[PDB]
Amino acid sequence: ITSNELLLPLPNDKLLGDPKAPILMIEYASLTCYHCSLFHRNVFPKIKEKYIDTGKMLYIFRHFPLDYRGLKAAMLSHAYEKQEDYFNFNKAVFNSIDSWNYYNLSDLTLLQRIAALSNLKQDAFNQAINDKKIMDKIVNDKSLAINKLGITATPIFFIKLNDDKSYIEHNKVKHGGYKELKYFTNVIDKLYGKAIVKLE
């Protein structure tokens, strides 16, 4: 129920990278948010290659849907169990932002295309996009972040030492909006140097 407890890997969190990595990044973003999509197309790949693939940073994406398409897309992501499959699904949704129907906002054809390309069966697709338990979890985790972390616009990032025993005020480790690569490498490199020294 505390912001500090919110900013650690949670039982239901979907993880990307080494769970015992020295640095932790938690991101909240809407899958239909234009600036988020651009960030994931143009900046995140290098962050992943530089810090996540290398075991330096654990990455935790949390959904923050703002509309029908984004909530349904968030629900569908739960059909993808393996960490790389989950990440690659969200990546595909970000990448395909231009392909939603901006007139009929209930049109989920894009998710149908993404499901087909990933060989997700129709029954698994239909189950996921109508799973009330998953919907509730997503919206509850979103309201919790709104309440406990004061999130309004996305993306929001929290970057901190991946140490569960440490206390840090959430605003001190928070970064909001589109940031270029050098912004993040600067922040992460500095934190990593401290992490490494601390870990002896």
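Residue numbers run from 1 along the displayed sequence.
- Averaged over their C-alpha atoms, the temperature factors of 169-177 and 36-44 are higher for 169-177.
- Looking at mean Cα B-factors across 66-74 and 153-161, the upper value is held by 153-161.
- The entry lists C-alpha B-factors for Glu27, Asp53, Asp141, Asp131, and the highest of these is at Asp53.
- In the deposited entry, the Cα temperature factor of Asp123 places it in the highest third of its chain's modelled residues.
- Per the PDB record, residue ranking by Cα B-factor puts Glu81 in the highest third of the chain.
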